[PDB]
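A.B. asks: before the rest arrives, take these chain(s) from the complex:
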Amino acid sequence: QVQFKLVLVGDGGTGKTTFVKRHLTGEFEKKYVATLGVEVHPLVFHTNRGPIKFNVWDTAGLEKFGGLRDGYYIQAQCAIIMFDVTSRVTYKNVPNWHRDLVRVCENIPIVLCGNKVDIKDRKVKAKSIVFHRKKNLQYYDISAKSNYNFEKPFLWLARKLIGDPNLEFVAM
């Protein structure tokens, strides 16, 4: 029922599993249980135009646990590439994830999410976050701990997918 295939990718130990758990339960995970391959989680929202479902494929961010790797990306309907703003490397690795993703889904709405902006000492200053511009990715600052822009990525993705720019998430 109006569900889409969403692929969450990014460097391991950045928050992908954290973000997915925060959206599913509402609690904020503290520990980093390194993901193995991919976990599929349904996630429901109530927009002004009814229910919506994201099939979040929270994929492992560590190569040693890459498993099927890009194989997971097949049939993906939307993509969230996510990094950590406190670790420059997790950003510089972003283009690799982007290339791998695009190689399977040429034309799919893509959101670059900077997780855990809450931490005081930000490393990847917004001034240097530019990769999205040329590639036409939609950027978003988020923080799974402070809940900042929690639904912004999903709201933007739903607007892109459905085609309703004025579509709005409702509480129930």
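C.D. replies: Alright, I've got the coordinates. Residues are numbered from 1 along each chain as shown, chains lettered A, B, ... in the order given.
A.B. asks: so which residues of chain A form strands?
C.D. replies: A:3-10, A:38-47, A:50-59, A:78-84, A:110-115, A:138-141, A:169-170 (DSSP state E).
A.B. asks: would you format these as JSON lines with distance to residue A:123 and mean neighbour count included?
C.D. replies: To be clear about C-beta, it is placed using only N, CA and C from the backbone, and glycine gets the same treatment. Compiled in JSON lines, the strands of chain A are given as follows (distance: least, C-beta to C-beta, whole Å; neighbours: other C-beta atoms under 10 Å):
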{"stretch": "strand A:3-10", "distance to residue A:123": "15", "mean neighbour count": "23"}
{"stretch": "strand A:38-47", "distance to residue A:123": "27", "mean neighbour count": "15"}
{"stretch": "strand A:50-59", "distance to residue A:123": "23", "mean neighbour count": "20"}
{"stretch": "strand A:78-84", "distance to residue A:123": "8", "mean neighbour count": "26"}
{"stretch": "strand A:110-115", "distance to residue A:123": "10", "mean neighbour count": "24"}
{"stretch": "strand A:138-141", "distance to residue A:123": "13", "mean neighbour count": "18"}
{"stretch": "strand A:169-170", "distance to residue A:123": "31", "mean neighbour count": "14"}
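A.B. asks: now distance to residue A:162 too, for these, in TSV please.
C.D. replies: Formatted as TSV, the strands of chain A follow (distance: least, C-beta to C-beta, whole Å):
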stretch	distance to residue A:162
strand A:3-10	9
strand A:38-47	8
strand A:50-59	8
strand A:78-84	11
strand A:110-115	15
strand A:138-141	15
strand A:169-170	12
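A.B. asks: wait, which of these is closest to residue A:92?
C.D. replies: Smallest distance to residue A:92 across these (C-beta to C-beta): 9.0 Å, for strand A:78-84.
A.B. asks: strands paired with that closest one, and their directions?
C.D. replies: Strands that pair with strand A:78-84, judged by DSSP bridges, come out as strand A:3-10 (parallel), strand A:110-115 (parallel).
A.B. asks: so what touches the longest one?
C.D. replies: Contacts to strand A:3-10, defined as C-beta atoms under 8 Å, 6 or more residues apart in numbering, come from residues A:16, A:19-20, A:42, A:52-59, A:61, A:72-73, A:75-83, A:90, A:94, A:97, A:100-101, A:157, A:161.
A.B. asks: that older thread, and of the strands of chain A, who's closest to residue A:28?
C.D. replies: The nearest among the strands of chain A, by C-beta to C-beta, is strand A:110-115 at 11.9 Å.
A.B. asks: now the sequence for chain B, which goes on the structure above:
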Amino acid sequence: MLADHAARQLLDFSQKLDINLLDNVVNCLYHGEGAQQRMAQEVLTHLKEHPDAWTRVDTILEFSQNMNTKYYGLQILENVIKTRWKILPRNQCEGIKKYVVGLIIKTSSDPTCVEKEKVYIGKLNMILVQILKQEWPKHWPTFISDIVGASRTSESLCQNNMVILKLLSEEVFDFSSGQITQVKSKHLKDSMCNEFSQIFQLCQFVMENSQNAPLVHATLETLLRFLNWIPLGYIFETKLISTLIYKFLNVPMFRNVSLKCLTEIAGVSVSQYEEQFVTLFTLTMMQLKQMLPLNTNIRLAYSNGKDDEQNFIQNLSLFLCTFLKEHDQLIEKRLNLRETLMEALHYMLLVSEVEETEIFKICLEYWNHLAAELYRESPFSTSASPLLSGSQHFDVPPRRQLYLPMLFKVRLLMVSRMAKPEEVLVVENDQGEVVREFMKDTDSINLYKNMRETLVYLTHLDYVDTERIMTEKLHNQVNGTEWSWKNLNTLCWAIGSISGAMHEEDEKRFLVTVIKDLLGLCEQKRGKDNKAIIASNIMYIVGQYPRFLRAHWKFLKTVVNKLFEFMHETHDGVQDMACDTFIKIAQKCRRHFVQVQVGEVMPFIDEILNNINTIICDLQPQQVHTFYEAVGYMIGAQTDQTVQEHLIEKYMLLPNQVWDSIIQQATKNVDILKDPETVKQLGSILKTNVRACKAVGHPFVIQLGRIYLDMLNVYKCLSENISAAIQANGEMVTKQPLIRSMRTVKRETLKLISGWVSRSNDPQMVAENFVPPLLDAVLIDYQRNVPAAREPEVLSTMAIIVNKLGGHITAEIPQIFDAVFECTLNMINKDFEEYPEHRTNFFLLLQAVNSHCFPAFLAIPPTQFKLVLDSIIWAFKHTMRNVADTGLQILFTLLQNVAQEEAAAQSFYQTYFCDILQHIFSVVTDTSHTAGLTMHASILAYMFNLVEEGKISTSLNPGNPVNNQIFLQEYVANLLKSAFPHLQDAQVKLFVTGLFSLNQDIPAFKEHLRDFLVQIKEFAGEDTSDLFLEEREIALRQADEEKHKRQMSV
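C.D. replies: So, slotting chain B in with the rest:
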């Protein structure tokens, strides 16, 4: 629909695999859920890891019917090619290469498969790219010419060949780092450059002659990727720019890719093609105006446009930004192009109105570049030369007039689309408290800062026009023509943004006029909502202009009185606004609050103190804390120690009263500590105390000493109370509000300790009077506490103290560790995930101790020191990147400290050096720690350097007085061979030699380590041709010569 044993049955490689069974497995993976999908994932991952799986891959492709299963087989093939291509039999390599080439050709022959199996075709193209990277140009140098001929034979074949060329270029240039050795990448780049001419000729032929729009688009994409690195001669010395602008820029199906290529070209900053750039611009604009009339509402087009149109508009903005930033000086000197220049700027205005943050960001970037150049030119005259009404015009440097017709529209855009200066969220902490957090350095805050800088520069250029613009929009609000809360808020934000950009008198007059108009508006409007909006805006504006307030005492007094009047308001947001403005005004005018103001015989602070209770009757605890912070700022401005003491005493009188009452009650009975209301009162009191300490600081000591001892007891009285409850119900009780408030009070106590300590300035007194009580009250309690009850903030808190106290705390360090160390280590030494806060704070404490209490390490038993080292090794083996970096920094600082201690250096080396090498190399060889690479080499180069510089006087093998260098070389070679037997000995020998040669070129050392890691991923056969061993050896000998030249020069 399958049992794990049934799935593993496929792992019997002596039997034919059921292709239908694999199709079922993959369909279950992509449509099954939970245990079924997890099982399928696990089984397929295991199979892909199998060595001989490739033996079936060929049979799979001929029989496979599911493109997904074909993709999995191709993944297996990619692993094989990326691992063992130098070990696979040559005959089988060539056979499978022919197989894949034929399959690609057959697929390209069917257009339906081309549309249907695009992902499969792309995977095939990437597999071939890897194959060629292993082979090309050595074993297939004739490939490129043949394929271009083949390209000439068929349009679809040409399309696929350009796609494969694009992938090759991406892999060679854009994504080579981290996957390919430096020398192999250099060789591939050289070969590509050498053969590029054929590709360029082919693409130009296709562009001029091809009509297959998909083929043209693929050609444009491949050219786009080539544009990253190809020599400029191929770009600007052909019909390329004109061809793109005339054939494709006007075509919607190609405009996006063409304009992307044009933007990349625009980014080239070289004079050798000046005129070309101009032509590129001149024609481009000519085309743009045909496609996109300057009278079109770009905002409406975007909001009503599709994905392609919006992407095109974004690309247009990017192209204009890049080209103008790089060629403004070029376009300025040509008068005949002046009109066209304006058109470009015109577009940006129309672009700047689009309702997308990123487009406005690009526009702001360009506008700020313009404003920076103009404010580097103008102030020489305007700032360092006085001006009069309209005198700016006469002194105008020539370059400004060029853009002058657009400065006022830029100002209007800024004042119309200014973003919120500060973002605040309501966040639920772990303690269940919803609090207001002020975001910092977020994207939006950077946006506001850039807008503020641009507008401030423009104000410096022409402040009168800006002032007229705010005044005009303010009137538009007063007359109600442009009435809306958003517009007023934006205007007021803009007005505040430019504080200090104007001369004192002009800013004074502008503020007076603005405030008078605002108060008139407030009198005009009906409805509490709008009146509160206006009042909040006025308060924010005045807060943003503290200079005027400092110059006018009476207005300040009136403002603060009105703020206190507001504080009693119940309507939403009024109180929070008033508190925020109050703290801002306090921060910016403390001197005026405590300095006796003319017309007043006592500082206003006295009345504030007397009327606190009246002021706070209608305030929330958070607002109370914020107000107390404000007062603390004012108090800290005081200089007289005794007057400050009395002011603080009167200041904390009410929290002190409640605290003393509760202390007496606890003395009567301790069960009251379980009173939820009492615990919440403690939380509020302690939040007030921490805010006051933060605002006031070291003088707060007099306040702290008032309760310190008692408060410590409370902590103990609190801590024990928790443990039993946990023992009663485990961690579940922690979810109860009571336990949460207990932990909240604990955390606030620790936060107060840290807050005061950080800003202290009498370390002797701090250590003598304040630490021993903490030793007994908490540390002994902390060890006595059960693990789950132990509060991680304790650990880090202690670090802060030593971070400030250094040597003064050294004598007390041992007792601390014997109290906390093993119980902490025994709590984290089993895995890497539980108690992350404890891990991080513990390593923070270790880092502080190492940084500032090294002699404590000098004074501990060797067993404790070895435990510390094992803990560190556990640390930088962590996956938590923060933990890893902290551990590595600790290790580096420890090595430097050892170097500072001559006596124990040799002993420490002999004891730990080889184990340290083993551990560091085990981590480095692990890909999961690549993020720490920069630090790894930093220490390695140092460590190896220590060996080379003879600073390790003793032989690391006392039984053999060999050169430490030679022994280390052999030891590392043996270690690596043991870990990686399949490697070629020459590889390891060269790698070690470089490690010694590269101990002073840190980036080169890092690239050397990356090359070694890439090598580790490959099963390297005796074929060293692809390894370019002699080339890297020559480069390494050159680097060693450079290093020895640096040494002689030093």
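A.B. asks: in light of the added chain B, please revisit the contacts of strand A:3-10.
C.D. replies: The contact list for strand A:3-10 (C-beta atoms under 8 Å, 6 or more residues apart in numbering or on different chains) reads A:16, A:19-20, A:42, A:52-59, A:61, A:72-73, A:75-83, A:90, A:94, A:97, A:100-101, A:157, A:161.
A.B. asks: those residues also near chain B: which ones?
C.D. replies: Contacts with chain B within the contacts of strand A:3-10, as defined by C-beta under 8 Å from any C-beta of the partner chain: A:75, A:90.
A.B. asks: can you get me a residue count around residue B:476?
C.D. replies: 14 (other C-beta atoms under 10 Å in any protein chain shown).
A.B. asks: check which helix or strand residue B:481 maps to.
C.D. replies: For residue B:481, there is no host helix or strand (DSSP states H and E).
A.B. asks: actually residue B:496, sorry about that
C.D. replies: Applying DSSP H and E, one finds residue B:496 within helix B:485-497.
A.B. asks: just the CA atoms of the helix or strand just after that helix, as CSV, please.
C.D. replies: Per DSSP H and E, the first helix or strand lying C-terminal to helix B:485-497 is helix B:504-524. The C-alpha coordinates for helix B:504-524 follow below in CSV (Å, rounded to 0.1, in the frame of the first residue of the first chain):
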residue,chain,number,x,y,z
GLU,B,504,27.4,55.7,15.3
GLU,B,505,25.2,58.7,14.5
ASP,B,506,23.6,57.1,11.4
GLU,B,507,22.8,53.9,13.3
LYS,B,508,21.4,55.9,16.1
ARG,B,509,19.1,57.9,13.9
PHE,B,510,18.0,54.8,11.9
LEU,B,511,17.2,52.9,15.2
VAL,B,512,15.3,55.9,16.5
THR,B,513,13.2,56.1,13.3
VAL,B,514,12.7,52.3,13.1
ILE,B,515,11.6,52.1,16.8
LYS,B,516,9.2,55.0,16.5
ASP,B,517,7.6,53.4,13.5
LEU,B,518,7.4,50.1,15.2
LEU,B,519,5.7,51.5,18.3
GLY,B,520,3.3,53.4,16.0
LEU,B,521,2.5,50.0,14.3
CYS,B,522,2.0,48.3,17.7
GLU,B,523,-0.5,51.1,18.7
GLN,B,524,-2.1,50.6,15.2
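A.B. asks: how far off centre is helix B:504-524?
C.D. replies: On the basis of C-alpha atoms, centre = their mean, to the nearest Å, helix B:504-524 is displaced by 41 Å from the centre of the chain it belongs to.
A.B. asks: buried set for that helix?
C.D. replies: Going by neighbour count (16 or more other C-beta atoms under 10 Å in any protein chain shown), the buried part of helix B:504-524 is B:507-508, B:510-511, B:514-515, B:518, B:521-522.
A.B. asks: tack on chain C:
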Amino acid sequence: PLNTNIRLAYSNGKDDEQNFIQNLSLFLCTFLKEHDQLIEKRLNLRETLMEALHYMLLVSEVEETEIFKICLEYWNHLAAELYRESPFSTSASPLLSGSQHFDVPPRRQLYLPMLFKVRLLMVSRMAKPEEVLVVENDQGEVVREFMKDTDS
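C.D. replies: Take a look at chain C, now in place beside the chains above:
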């Protein structure tokens, strides 16, 4: 609604709408001319007064000469009623003396949010200063005649 484009409505509206807009301009002009002194001194009506002004501005944009004539009549009556007691106060509005500029009569203060708007409207829709015609006299001579005291 005050946010509608009156000019577009008139261009696309039917006879009834155009007549209604003309009558609205008529009523506003007459009532304001005769009772600005009354409405000015009552603060609670100020906002409402400004709305009226807003209307006339949008009305002045109509692509009809008669409607613009009515609006111009109203604005000219405003300007005349704005009898510059001390135009040197205007000259004081710049960096010259302030207090004299702050002696600005109350009505000028009340209309300040609109004086510049009227200025812009005038500048945007100023009519041709001189009209010249190609006249063929009875003798067949083609001459240029400067019309005088016409409506334009």
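A.B. asks: again for the buried residues of helix B:504-524, since chain C is there now?
C.D. replies: So for helix B:504-524, counting by 16+ other C-beta under 10 Å, buried means B:507-508, B:510-511, B:514-515, B:517-518, B:520-522, B:524.
A.B. asks: residue 78: what's it in contact with?
C.D. replies: Answering for chain A, as no chain was given. Residue A:78 neighbours (C-beta under 8 Å, 6+ apart): A:4-7, A:54, A:108-111, A:157, A:160-161.
A.B. asks: actually it's chain B I care about, not the one you picked
C.D. replies: B:123, B:126-127, B:130.
A.B. asks: quick check: the closest residue to residue B:792 other than its chain neighbours vs residue B:581, distance?
C.D. replies: Nearest non-adjacent residue to residue B:792, counting by C-beta to C-beta, 6 or more residues apart in numbering or on different chains: residue B:837, 3.7 Å away. Distance, residue B:837 to residue B:581, by C-beta to C-beta, to the nearest Å: 36 Å.
A.B. asks: looking at these two, which has the bigger crowd around it?
C.D. replies: Comparing residue B:837 with residue B:581 by other C-beta under 10 Å, the one with more neighbours is residue B:581, at 23 against 14.
A.B. asks: and that one, which of the three is it?
C.D. replies: Using DSSP: H, G, I helix; E, B strand; the rest coil, the structure places residue B:581 in helix.
A.B. asks: separation between it and residue B:113?
C.D. replies: Counting by C-beta to C-beta, the gap from residue B:581 to residue B:113 is 68 Å.
A.B. asks: try residue B:578
C.D. replies: 69 Å.
A.B. asks: so for the two, which residue has more residues nearby?
C.D. replies: Comparing residue B:578 with residue B:113 by other C-beta under 10 Å, the one with more neighbours is residue B:578, at 26 against 15.
A.B. asks: quick one: name whatever helix or strand follows the host helix or strand of that one.
C.D. replies: If you go by DSSP H and E, residue B:578 is part of helix B:574-594. Moving toward the C-terminus from helix B:574-594, the next helix or strand (DSSP H and E) is helix B:604-616.
A.B. asks: counting by contacts, list what that next one packs against.
C.D. replies: Helices and strands touching helix B:604-616, as assessed by 3 or more C-beta pairs under 8 Å, 6 or more residues apart in numbering or on different chains; DSSP states H and E, comprise helix B:553-567, helix B:574-594, helix B:621-636, helix B:641-651.
A.B. asks: what's the closest of the contacts of residue A:78 to residue B:959?
C.D. replies: For these, the nearest to residue B:959 is residue A:7 (58.1 Å; C-beta to C-beta).
A.B. asks: alright, calling it a day.
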